Amino acid sequence: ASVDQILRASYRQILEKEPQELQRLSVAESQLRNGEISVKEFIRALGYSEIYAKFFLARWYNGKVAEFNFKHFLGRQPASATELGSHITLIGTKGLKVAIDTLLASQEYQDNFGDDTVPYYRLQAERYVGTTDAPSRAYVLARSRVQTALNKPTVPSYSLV
Amino acid sequence: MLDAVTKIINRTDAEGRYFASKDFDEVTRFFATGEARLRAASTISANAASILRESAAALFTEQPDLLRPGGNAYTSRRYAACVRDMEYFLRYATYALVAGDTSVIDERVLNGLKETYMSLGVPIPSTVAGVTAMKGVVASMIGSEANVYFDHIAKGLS
Amino acid sequence: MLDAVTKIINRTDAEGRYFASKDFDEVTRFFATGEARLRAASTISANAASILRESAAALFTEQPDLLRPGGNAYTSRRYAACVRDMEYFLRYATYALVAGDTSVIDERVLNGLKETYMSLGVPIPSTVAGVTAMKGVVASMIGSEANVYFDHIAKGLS
Amino acid sequence: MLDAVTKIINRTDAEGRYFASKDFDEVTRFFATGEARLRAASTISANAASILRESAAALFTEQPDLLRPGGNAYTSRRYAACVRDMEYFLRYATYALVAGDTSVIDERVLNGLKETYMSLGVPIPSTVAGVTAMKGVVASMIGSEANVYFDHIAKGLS
Amino acid sequence: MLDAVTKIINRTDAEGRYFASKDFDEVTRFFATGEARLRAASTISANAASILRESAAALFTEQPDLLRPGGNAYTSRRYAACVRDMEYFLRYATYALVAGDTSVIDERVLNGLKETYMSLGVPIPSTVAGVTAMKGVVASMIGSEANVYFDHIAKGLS
Amino acid sequence: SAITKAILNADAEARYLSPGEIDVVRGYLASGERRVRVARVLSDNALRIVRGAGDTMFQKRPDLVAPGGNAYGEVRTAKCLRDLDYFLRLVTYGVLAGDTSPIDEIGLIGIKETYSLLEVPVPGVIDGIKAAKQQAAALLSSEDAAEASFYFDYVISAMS
Amino acid sequence: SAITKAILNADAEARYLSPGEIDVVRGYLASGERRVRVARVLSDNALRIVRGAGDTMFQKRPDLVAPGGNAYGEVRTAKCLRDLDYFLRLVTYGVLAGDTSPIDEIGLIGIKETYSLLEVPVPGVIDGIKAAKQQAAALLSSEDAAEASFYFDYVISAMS
Amino acid sequence: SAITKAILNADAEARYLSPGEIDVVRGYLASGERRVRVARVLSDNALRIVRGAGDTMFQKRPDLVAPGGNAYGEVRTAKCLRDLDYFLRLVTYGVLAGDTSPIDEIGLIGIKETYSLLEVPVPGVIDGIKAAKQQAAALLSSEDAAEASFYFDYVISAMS
Amino acid sequence: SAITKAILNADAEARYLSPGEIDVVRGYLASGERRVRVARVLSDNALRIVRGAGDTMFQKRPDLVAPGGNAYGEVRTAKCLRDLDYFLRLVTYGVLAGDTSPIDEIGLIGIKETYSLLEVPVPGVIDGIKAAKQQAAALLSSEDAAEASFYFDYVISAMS
Amino acid sequence: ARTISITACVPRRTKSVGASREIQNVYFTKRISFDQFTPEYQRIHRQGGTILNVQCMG
Ligand SMILES: CCC1=C(C)/C(=C/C2=NC(=C\c3[nH]c(/C=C4\NC(=O)[C@H](C)[C@H]4CC)c(C)c3CCC(=O)O)/C(CCC(=O)O)=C2C)NC1=O
Ligand SMILES: CCC1=C(C)/C(=C/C2=NC(=C\c3[nH]c(/C=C4\NC(=O)[C@H](C)[C@H]4CC)c(C)c3CCC(=O)O)/C(CCC(=O)O)=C2C)NC1=O
Ligand SMILES: CCC1=C(C)/C(=C/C2=NC(=C\c3[nH]c(/C=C4\NC(=O)[C@H](C)[C@H]4CC)c(C)c3CCC(=O)O)/C(CCC(=O)O)=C2C)NC1=O
Ligand SMILES: CCC1=C(C)/C(=C/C2=NC(=C\c3[nH]c(/C=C4\NC(=O)[C@H](C)[C@H]4CC)c(C)c3CCC(=O)O)/C(CCC(=O)O)=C2C)NC1=O
Ligand SMILES: CCC1=C(C)/C(=C/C2=NC(=C\c3[nH]c(/C=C4\NC(=O)[C@H](C)[C@H]4CC)c(C)c3CCC(=O)O)/C(CCC(=O)O)=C2C)NC1=O
Ligand SMILES: CCC1=C(C)/C(=C/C2=NC(=C\c3[nH]c(/C=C4\NC(=O)[C@H](C)[C@H]4CC)c(C)c3CCC(=O)O)/C(CCC(=O)O)=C2C)NC1=O
Ligand SMILES: CCC1=C(C)/C(=C/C2=NC(=C\c3[nH]c(/C=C4\NC(=O)[C@H](C)[C@H]4CC)c(C)c3CCC(=O)O)/C(CCC(=O)O)=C2C)NC1=O
Ligand SMILES: CCC1=C(C)/C(=C/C2=NC(=C\c3[nH]c(/C=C4\NC(=O)[C@H](C)[C@H]4CC)c(C)c3CCC(=O)O)/C(CCC(=O)O)=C2C)NC1=O
Ligand SMILES: CCC1=C(C)/C(=C/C2=NC(=C\c3[nH]c(/C=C4\NC(=O)[C@H](C)[C@H]4CC)c(C)c3CCC(=O)O)/C(CCC(=O)O)=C2C)NC1=O
Ligand SMILES: CCC1=C(C)/C(=C/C2=NC(=C\c3[nH]c(/C=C4\NC(=O)[C@H](C)[C@H]4CC)c(C)c3CCC(=O)O)/C(CCC(=O)O)=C2C)NC1=O
């Protein structure tokens, strides 16, 4: 894939917006174009942006922030109350960057996406069974999120789990 | 997840007390039956391919309409998904058998499975029939050792 | 998020009009109370550990059952979660006090908190008792400037 | 990155000493010229599009061979990359003008630029000519206040 | 990483033969020394904080220059990183002791440590002196059981 | 707002307001009366500023209101003057709020592609905004003129 | 538990229990009777173990019970001895489970934050827990004492 | 080994060996003499086991040695017996290690697509390994036969 | 510093400094003279402040210098007072810089692990820094006292 | 601010072979921040990779 496609996909996956709609990360884009940084580094550059906190944390509960983080960086949804609660505690006690770093450093991210692929959703049971505490619940939640992907749901996070 | 020993520990911790004589008796009872359950689980692990083949054969001889076009098990992909689900049930029944508790089935398997099957159009009673067929196949080899865990799965689906 | 000035700007913009005399008086009142509000916020920030210590002590002296086994604050982990939630309440109350507006509490705190507590079995009346204890502890230190924000959290929780 | 004040702090910390009279005089000198440097930065920011426009005009009039086919500026894409590089240089020179220190230029502009330009085939002498032309335009717009940082970029590239 | 049993397996696999009598003798001696190795490893595990404390104390009493301003161990961050490196060395020596082989030290500690220390300006001889101090402290507790692994670390750094 | 930006930074890092954030907020609250004075002067003279800005921009570019121009016609010239009034109101908002967020959410996010679809010439908009800036600086003192010019120049730069 | 740990190890790789995991489970099931004996002995003598540990810890660090100490007063001393009793009960729980997951889930997760906020001296807790370790090692044979010392040392190490 | 896996689990969490992992390692060290005896018996009778297993596999599936079979010809039959020797050696490695990693890295990882490219019938390999199971069990005692048949079962399950 | 924080924010968004960032930098530059005089007062009386803060802290917690205390001994007590001098110098760095980055980089990052390992009681350090803040406020006017107390309180908050 | 460029060769032995191109993962040089140096150092060691080179440009 070319850098143009990867950039467009990165902005679509992480910020749910088209590159023309944003103020693009010029220097990170040029570093990715020069091979200085990997796709994963551009992804954390996107997650680290102020626009990410304005989009996904400013007017949202920490449960919603956690669901946003999982959808953007893992390609799935939190399945259990333990996983969701741990991530919420990370956002609330360490900040958003530490929680996003936890998601990107997690073995799930290396296994699914490595260092050179934009994250995506995979509605297969192999996606969840070894990885998730409740694989069937993880499938249901991820499939619901995919089915209405345009929407930013307002149903409480702990209602779903 | 839990096993029987952790369940006893959590109960006693809920009352916030040290283990009493009854708790020690109930945990040595679990230690007593561990060898039989280990042997049965090892037998199931050793013959998983044969058990899966025979169970799928039994299910689709009972309900051949699944294999016909328009059936939920008609394609290479959906047939593979069906046998993979039965393999999941077998493996998690093995986990429950070693653990001595059905909880691993409760969160790992049953939690969200009915929603999955209704959203996918998978026929739930046919899956219960397949689980019962696998229960009979496994029983024929290991005795009645896994009947409770397979019955738990079937009743949770039903 | 929203503070008082952005609230006034949003109102006038939705009416599609420039600021008038009344809006300027309102924003000047905000600028007038701002310095006292920063003093209160800085005092809360500097003494946050002491505030949490006193308020947790007051809560768990009022309700000793929470700490005993079977209580919702009985473990090191559940106690840490409880004091963490009080820390959240104080931090976001300080944010709201600086902003001069409670919308940050509605968005970041209250929305979904009732469902979180119901899902986990946190006793909401006892959490409101903790918020009230915090309100008293903080009022003993800064005066009555943060009373409305704790009252907002308490009304939202109940 | 580093500004002048943090540079003095780090110099005093490397010796493990409190600030002396000399260090306080250097800090006072830095604060003394801060308003003029802010004014120059604001003037540059208000005119960034023009500055870049006639800077590119000067570069490509002094060397029209760059735009002609076979040149490193010959395409819409490579022309836009050239203009983006020059805008980078202007923005980071403005940053260093505010900071009073060339640290940001070294660590985030000059560092690695030489080998990047050789690996790309970018003509470094022509880039130096562009930086000098942009220095001339900015000096005509604000005076000699920003010359040092442009000379720093020019020397680091050359 | 690989332990002693896996090392013998790999050596037998290199020439593609079954284990000979000497291979079984090596395996048997490993199994014979395993219990004492486990005792030493548990002793180090139970006393890791103290071992670390007197190891760092020895290193910085011998070389006070590191802690002074301008030294590589002068800051909160840099002292913490130094002690963290020492804890790394201790833990991976314990892993090597349990495994009975030095592969873990070679692949997870020494691999890329020259380059890292030279890039950051860490004094390698001073790190070696600290490793020697840690070796002496550990030998004071468990005897001569784990000198070989600390010597391996020192010589991989020296 | 300055307060909103500082609180959002603290919240994203899960911490209380830092000494620097507190000093930022204190500076903004101290500048409040000056901000309100400048904003009040700009709001009281909105009609004069917009009328002069439109005059200057149409004098500099008569092609806009000529046949075939973007603003040609009563309704289109009305929309052009209405946009100038919008940007002046947004500049007053930025002056009061101490940052550029109100100008961003209300009027600058999407204005570029909006004006691109409608073939609205952005140099003409910039000329109108510079005219409004000069009309305003006529009404304000030098310090107040500099304060308002910060946000006027921000709008100009964000257009380009 | 030991069994639970093996099952999660198998489940992570989406496979059946390996021969290694089977060996692990069989070893735990064989050790069960010794584990029950050790846990019973610790649980029956819990009161004297905790009392002697508190005595030793307070004589070692009398600053805890001096005015201004964290354990000063009857209520705070009772809280301190209650925490020692808690940790002994979790040591028995961990001896029964054959691993440290009950200890972590009931007593160690959050304890750093709890004691940091309450200003409880963790080194004093560690002295108390080491005292309880010697008290129980007196009650146990060499092998049983070695078995329980693993969990006592685990709690101590998880403190710091 | 069991030691290697325990150390990798400890390194995954940046900690020393937990009481559970120490128990696992102690169990591996205790079972050393039995493992060594089983491996020695399997290694001494390697030729006997391979010949018996190959004969049984070829008799059960004569089409493998029939004309046009994957093992037709003395070279291809020799390579078949050589593969059986390889897998028996791997079973001995697994017995000695206490885990299945030597089997996985040396022979199991990559054998599925290897046999797909070579068109080797995997049911044939499975029947050959089962034949080696019976031959080995005939030479070991019942307990030793079970211990080695754990790894024989692992290989058989991995092939399918 | 204050300037570095604004420039990093602008650079992350790849833009020039916003009007709000310009006001932040301008307010810092205006505050420069009072920051310099506050830091000069703090630096010129560093020995007096550290001596008085050490006296107050050792009177409040005599157990630190009692036998068995962390600060017991001439070397440990002296280098405790050295730590207090470090923290006062860091507070002066903060007063000059206009933010807390020098304090975090030089003294705060890693101090929790450092003090946890070396048995250094954080409440004692907090009492020392509180005494230092009182000594500084005695030497400063009320406004300057609040200015320095911002950074003193930040250091205390980082401790707890 | 400081950053590190690290050159590592990570073999793919533990994984099975795949028809997908994988040479970019095996041998690489990447730019990282200092705060990320330890996590990726340990991550490379976990995967069996060898650290070939470390540089800090300044
Ligand atoms: C429309 C998509 C589709 C495909 C492609 C498909 C293949 C398929 N063939 C099957 C059985 C079978 N397939 C074969 C064919 C084999 N016999 C010889 O060995 C040959 C090498 C080979 C074929 C050339 C045979 C004999 C069976 C029944 C024997 C058994 O139970 O395995 C089965 C198991 C269910 C059943 O009993 O029918 C499937 C899923 N199913 C589908 O829904
Ligand atoms: C570990 C616990 C677990 C279970 C049990 C589980 C079930 C499960 N089955 C699925 C699909 C499926 N499941 C089936 C099985 C049905 N076919 C019918 O003939 C039978 C009555 C029945 C099986 C006996 C089928 C056919 C599909 C494919 C449906 C489709 O793609 O439309 C899916 C969707 C993702 C995928 O395609 O792999 C899940 C998550 N997931 C889990 O994580
Ligand atoms: C079942 C798991 C569990 C644990 C482990 C636990 C520890 C624990 N100890 C606490 C307080 C306490 N902890 C202590 C103990 C200290 N006193 C001295 O300093 C000693 C060095 C040290 C004990 C050896 C004391 C005195 C208090 C009450 C005083 C305070 O608020 O700090 C608290 C706060 C709630 C309360 O006041 O009861 C918890 C949660 N709680 C639990 O539910
Ligand atoms: C920033 C806004 C915010 C809030 C308010 C918030 C509350 C919150 N509290 C939680 C758990 C908890 N909260 C409590 C607190 C209760 N215990 C009772 O005794 C007390 C009356 C009461 C507190 C005063 C407890 C005990 C838990 C653990 C529940 C469990 O795991 O069973 C959780 C689940 C995550 C976790 O397990 O730590 C959340 C999300 N989270 C947020 O992001
Ligand atoms: C923020 C710090 C920063 C700098 C300084 C920087 C420079 C830079 N310029 C680049 C390309 C380029 N740079 C130029 C500029 C040259 N063309 C010649 O005609 C001129 C003489 C000269 C400019 C005056 C050109 C044409 C390219 C494109 C080269 C190509 O695509 O082959 C690249 C490669 C990646 C990309 O195209 O985006 C970098 C990294 N990047 C950064 O992130
Ligand atoms: C400039 C940045 C910087 C800081 C902040 C710093 C703190 C610091 N203090 C240390 C030791 C120490 N620090 C103290 C401090 C006292 N202990 C008492 O209990 C008091 C409560 C407390 C101070 C008020 C003591 C007694 C030691 C000796 C501990 C030992 O040697 O085991 C150490 C370990 C190295 C050494 O022994 O010198 C550090 C890194 N070092 C730095 O380079
Ligand atoms: C588990 C395998 C592993 C090892 C071995 C390892 C060593 C290691 N030490 C580092 C820094 C360091 N290492 C030291 C230690 C030195 N200070 C001197 O006084 C002493 C003589 C000497 C130690 C005895 C220091 C001070 C730093 C920080 C240097 C700096 O930040 O500028 C770094 C850079 C990343 C960071 O600082 O977080 C690494 C990777 N990291 C690992 O993940
Ligand atoms: C409150 C924030 C806000 C802004 C800023 C805003 C600008 C704006 N101006 C518009 C149309 C327009 N805008 C202009 C003005 C431009 N054309 C002239 O040539 C001048 C160069 C220049 C003005 C100085 C014109 C002429 C139109 C109508 C063009 C058409 O009908 O396609 C439109 C399309 C919707 C409409 O027709 O009303 C928007 C969104 N709208 C908003 O809600
Ligand atoms: C140490 C790990 C290891 C393994 C496991 C291994 C298996 C293996 N067997 C091979 C060939 C072969 N393997 C077999 C054996 C199979 N075909 C028969 O029908 C039976 C069903 C079955 C044996 C039970 C045969 C007959 C060949 C010859 C294929 C040919 O040369 O065309 C090959 C290709 C290269 C070669 O000719 O040797 C491999 C890699 N090699 C290894 O280095
Ligand atoms: C699409 C472009 C591409 C190429 C060219 C490529 C080559 C390549 N071969 C590799 C391994 C290998 N490649 C070979 C093959 C060689 N050794 C034998 O002796 C033969 C003579 C010879 C092949 C004809 C072997 C044996 C290995 C494994 C070596 C090891 O990792 O220990 C690896 C490491 C990853 C892995 O183990 O799967 C790469 C990257 N990878 C790519 O993505």
# chains A, B, ... in the order shown; residues from 1 in each chain; ligands from 1

call {"tool": "calpha_fit_and_write", "arguments": {"fixed": "chain I", "moving": "chain H", "output": "short mmCIF file (atom, residue, chain, number, x, y, z; two decimals) with C-alpha atoms, in the first residue's frame"}}
result
data_model
loop_
_atom_site.label_atom_id
_atom_site.label_comp_id
_atom_site.auth_asym_id
_atom_site.auth_seq_id
_atom_site.Cartn_x
_atom_site.Cartn_y
_atom_site.Cartn_z
CA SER H 1 9.35 27.08 30.30
CA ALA H 2 5.96 28.49 29.39
CA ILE H 3 7.62 29.30 26.06
CA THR H 4 8.74 25.69 25.61
CA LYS H 5 5.28 24.32 26.37
CA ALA H 6 3.62 26.82 24.03
CA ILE H 7 6.03 25.91 21.22
CA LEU H 8 5.45 22.21 21.82
CA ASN H 9 1.69 22.75 21.58
CA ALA H 10 2.21 24.66 18.33
CA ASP H 11 4.46 21.91 16.96
CA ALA H 12 1.93 19.24 17.91
CA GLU H 13 -0.43 20.83 15.38
CA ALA H 14 2.17 21.98 12.80
CA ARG H 15 1.19 25.63 13.12
CA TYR H 16 2.52 28.95 14.28
CA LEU H 17 1.83 30.26 17.77
CA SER H 18 -1.87 30.96 18.26
CA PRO H 19 -3.12 34.17 19.91
CA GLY H 20 -3.66 32.23 23.13
CA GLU H 21 -0.11 30.88 23.16
CA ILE H 22 1.25 34.31 22.27
CA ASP H 23 -0.75 35.70 25.20
CA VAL H 24 0.73 33.03 27.48
CA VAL H 25 4.26 33.82 26.31
CA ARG H 26 3.66 37.55 26.73
CA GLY H 27 2.44 36.90 30.26
CA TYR H 28 5.55 34.86 30.99
CA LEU H 29 7.78 37.66 29.71
CA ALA H 30 5.87 40.30 31.67
CA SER H 31 6.30 38.37 34.93
CA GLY H 32 10.04 37.99 34.41
CA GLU H 33 11.29 40.54 36.93
CA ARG H 34 9.06 39.24 39.73
CA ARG H 35 10.14 35.66 39.03
CA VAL H 36 13.81 36.68 39.01
CA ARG H 37 13.41 38.54 42.31
CA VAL H 38 11.67 35.59 43.95
CA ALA H 39 14.32 33.16 42.72
CA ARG H 40 17.13 35.46 43.84
CA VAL H 41 15.69 35.71 47.35
CA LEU H 42 15.18 31.94 47.51
CA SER H 43 18.73 31.36 46.28
CA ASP H 44 20.46 33.81 48.61
CA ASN H 45 18.77 32.41 51.74
CA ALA H 46 19.28 28.78 50.70
CA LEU H 47 21.36 27.79 53.73
CA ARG H 48 18.97 29.56 56.11
CA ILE H 49 15.92 27.89 54.57
CA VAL H 50 17.48 24.42 54.51
CA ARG H 51 18.66 24.64 58.12
CA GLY H 52 15.30 25.91 59.37
CA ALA H 53 13.30 23.34 57.40
CA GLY H 54 15.54 20.46 58.44
CA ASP H 55 15.35 21.47 62.09
CA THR H 56 11.56 21.75 61.92
CA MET H 57 11.21 18.39 60.17
CA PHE H 58 13.52 16.63 62.62
CA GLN H 59 11.73 18.15 65.61
CA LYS H 60 8.30 17.21 64.27
CA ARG H 61 9.49 13.66 63.45
CA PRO H 62 12.40 12.90 65.81
CA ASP H 63 12.21 9.23 64.83
CA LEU H 64 13.91 10.14 61.54
CA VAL H 65 17.02 11.17 63.49
CA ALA H 66 16.36 8.63 66.25
CA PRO H 67 18.52 5.48 66.31
CA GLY H 68 17.64 3.20 63.42
CA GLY H 69 16.05 6.06 61.50
CA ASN H 70 16.46 6.58 57.78
CA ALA H 71 18.45 9.76 58.51
CA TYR H 72 20.44 8.51 61.52
CA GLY H 73 24.08 9.52 61.52
CA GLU H 74 25.76 12.67 60.29
CA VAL H 75 26.23 11.20 56.80
CA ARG H 76 22.55 10.28 56.40
CA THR H 77 21.41 13.52 58.03
CA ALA H 78 23.74 15.35 55.65
CA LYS H 79 22.14 13.53 52.72
CA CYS H 80 18.71 14.51 54.04
CA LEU H 81 19.70 18.18 54.18
CA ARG H 82 21.30 17.77 50.75
CA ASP H 83 17.98 16.50 49.40
CA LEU H 84 16.22 19.51 50.91
CA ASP H 85 18.79 21.73 49.20
CA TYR H 86 18.11 19.88 45.93
CA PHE H 87 14.36 20.41 46.15
CA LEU H 88 14.74 24.07 47.09
CA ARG H 89 16.99 24.57 44.06
CA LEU H 90 14.35 22.81 41.97
CA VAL H 91 11.71 25.18 43.33
CA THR H 92 13.89 28.10 42.22
CA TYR H 93 14.22 26.46 38.80
CA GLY H 94 10.44 26.15 38.59
CA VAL H 95 10.00 29.80 39.57
CA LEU H 96 12.43 30.91 36.86
CA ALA H 97 11.07 28.62 34.15
CA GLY H 98 7.43 29.51 34.71
CA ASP H 99 6.51 25.82 34.60
CA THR H 100 7.25 22.68 36.56
CA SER H 101 9.24 20.79 33.92
CA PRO H 102 12.72 21.46 35.43
CA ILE H 103 11.42 20.08 38.72
CA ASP H 104 9.92 17.00 37.04
CA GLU H 105 12.90 16.03 34.89
CA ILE H 106 15.69 16.87 37.33
CA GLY H 107 14.25 15.62 40.60
CA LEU H 108 10.62 14.49 40.55
CA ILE H 109 10.57 11.80 37.85
CA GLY H 110 11.98 8.68 39.45
CA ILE H 111 12.08 9.91 43.05
CA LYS H 112 9.16 7.76 44.17
CA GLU H 113 10.78 4.40 43.43
CA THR H 114 14.12 5.84 44.52
CA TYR H 115 12.65 6.58 47.95
CA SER H 116 10.92 3.20 47.96
CA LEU H 117 14.25 1.44 47.38
CA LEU H 118 16.03 3.62 49.94
CA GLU H 119 13.10 3.30 52.38
CA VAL H 120 12.89 7.08 52.71
CA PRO H 121 9.64 8.10 54.47
CA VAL H 122 7.76 10.29 51.99
CA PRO H 123 5.65 11.92 54.74
CA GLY H 124 8.95 13.02 56.27
CA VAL H 125 10.03 14.58 52.98
CA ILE H 126 6.64 16.28 52.69
CA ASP H 127 6.92 17.81 56.16
CA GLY H 128 10.44 18.95 55.30
CA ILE H 129 9.26 20.64 52.11
CA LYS H 130 6.38 22.25 54.02
CA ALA H 131 8.89 23.56 56.55
CA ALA H 132 10.88 24.99 53.64
CA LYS H 133 7.60 26.55 52.46
CA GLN H 134 7.14 28.43 55.73
CA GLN H 135 10.80 29.48 55.89
CA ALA H 136 10.72 30.78 52.31
CA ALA H 137 7.42 32.58 52.85
CA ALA H 138 8.91 34.31 55.89
CA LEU H 139 11.60 35.76 53.61
CA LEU H 140 9.34 36.69 50.71
CA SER H 141 6.46 39.14 50.55
CA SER H 142 2.91 37.81 50.58
CA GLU H 143 2.51 37.90 46.79
CA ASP H 144 6.02 36.52 46.28
CA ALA H 145 5.38 33.91 48.97
CA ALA H 146 2.26 32.79 47.09
CA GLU H 147 4.12 32.67 43.78
CA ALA H 148 6.89 30.46 45.17
CA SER H 149 4.42 28.42 47.22
CA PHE H 150 2.75 27.42 43.97
CA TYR H 151 5.87 25.42 43.11
CA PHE H 152 6.36 24.30 46.70
CA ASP H 153 2.78 22.95 46.53
CA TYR H 154 3.57 21.26 43.23
CA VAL H 155 6.55 19.46 44.77
CA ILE H 156 4.56 18.48 47.86
CA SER H 157 1.67 17.10 45.81
CA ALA H 158 4.04 15.23 43.49
CA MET H 159 5.79 13.55 46.41
CA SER H 160 2.51 12.24 47.83
#

call {"tool": "residues_around", "arguments": {"residues": "region 104-121 of chain C", "least_positions_apart": "6", "cutoff": "6 Å", "atoms": "only C-alpha atoms", "output": "PyMOL selection string"}}
result
chain A and resi 59-61+156+158

call {"tool": "write_last_selection", "arguments": {"atoms": "N, CA and C atoms", "output": "compact mmCIF listing (two decimals), in the first residue's frame"}}
result
# COMPACT_ATOMS: atom_id res chain seq x y z
N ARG A 59 -16.18 15.52 25.67
CA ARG A 59 -17.59 15.50 26.03
C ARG A 59 -18.11 14.09 26.26
N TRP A 60 -17.26 13.19 26.71
CA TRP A 60 -17.64 11.80 26.87
C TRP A 60 -17.23 11.30 28.25
N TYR A 61 -17.99 10.33 28.73
CA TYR A 61 -17.66 9.58 29.93
C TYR A 61 -16.46 8.67 29.66
N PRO A 156 -25.09 3.51 27.60
CA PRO A 156 -24.01 3.44 28.59
C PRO A 156 -23.14 2.21 28.41
N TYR A 158 -21.48 0.33 30.55
CA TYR A 158 -21.72 -0.79 31.44
C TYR A 158 -23.09 -1.41 31.24

call {"tool": "residues_near_ligand", "arguments": {"ligand": "ligand 7", "cutoff": "9 Å", "atoms": "only C-alpha atoms and all ligand atoms", "output": "number ranges by chain"}}
result
E: 56, 59-60, 63, 66-67, 71-75, 77-89, 91-92, 105, 108-113, 116-117, 120-131; H: 11, 14; J: 34-43, 45

call {"tool": "atom_distance", "arguments": {"atom1": "atom 26 (C, counted along the ligand's line) of ligand 4", "atom2": "CA of residue 20 (chain B)"}}
result
27.5 Å

call {"tool": "residues_near_ligand", "arguments": {"ligand": "ligand 10", "cutoff": "10 Å", "atoms": "only C-alpha atoms and all ligand atoms", "output": "mmCIF file with C-alpha atoms, in the first residue's frame"}}
result
data_model
loop_
_atom_site.group_PDB
_atom_site.id
_atom_site.type_symbol
_atom_site.label_atom_id
_atom_site.label_comp_id
_atom_site.auth_asym_id
_atom_site.auth_seq_id
_atom_site.Cartn_x
_atom_site.Cartn_y
_atom_site.Cartn_z
ATOM 1 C CA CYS J 9 17.013 -8.206 13.122
ATOM 2 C CA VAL J 10 13.964 -10.129 14.356
ATOM 3 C CA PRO J 11 13.822 -13.707 13.012
ATOM 4 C CA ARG J 12 10.449 -15.319 12.337
ATOM 5 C CA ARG J 13 11.260 -18.790 13.700
ATOM 6 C CA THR J 14 8.508 -19.072 16.319
ATOM 7 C CA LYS J 15 5.852 -18.283 13.708
ATOM 8 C CA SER J 16 4.960 -20.395 10.688
ATOM 9 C CA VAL J 17 6.008 -19.343 7.190
ATOM 10 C CA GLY J 18 3.620 -17.161 5.215
ATOM 11 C CA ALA J 19 3.325 -16.273 1.554
ATOM 12 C CA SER J 20 2.982 -12.624 2.576
ATOM 13 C CA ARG J 21 6.022 -10.375 2.332
ATOM 14 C CA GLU J 22 7.733 -10.187 5.731
ATOM 15 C CA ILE J 23 11.251 -8.856 5.046
ATOM 16 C CA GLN J 24 10.321 -5.422 6.395
ATOM 17 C CA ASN J 25 9.545 -6.879 9.832
ATOM 18 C CA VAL J 26 12.642 -9.083 9.985
ATOM 19 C CA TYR J 27 15.294 -6.390 9.476
#

call {"tool": "closest_residue", "arguments": {"among": "D:154, D:42, D:6, D:14", "to": "ligand 6", "atoms": "only C-alpha atoms and all ligand atoms"}}
result
D:14

call {"tool": "closest_atom_pairs", "arguments": {"of": "chain J", "to": "chain E", "cutoff": "7 Å", "atoms": "only C-alpha atoms", "output": "JSON lines"}}
result
{"residue": "J:45", "atom": "CA", "partner": "E:108", "partner_atom": "CA", "distance": 5.3}
{"residue": "J:50", "atom": "CA", "partner": "E:111", "partner_atom": "CA", "distance": 6.6}
{"residue": "J:51", "atom": "CA", "partner": "E:112", "partner_atom": "CA", "distance": 5.0}
{"residue": "J:52", "atom": "CA", "partner": "E:112", "partner_atom": "CA", "distance": 6.6}
{"residue": "J:53", "atom": "CA", "partner": "E:115", "partner_atom": "CA", "distance": 6.3}
{"residue": "J:54", "atom": "CA", "partner": "E:115", "partner_atom": "CA", "distance": 5.3}
{"residue": "J:55", "atom": "CA", "partner": "E:119", "partner_atom": "CA", "distance": 5.8}
{"residue": "J:56", "atom": "CA", "partner": "E:119", "partner_atom": "CA", "distance": 5.7}
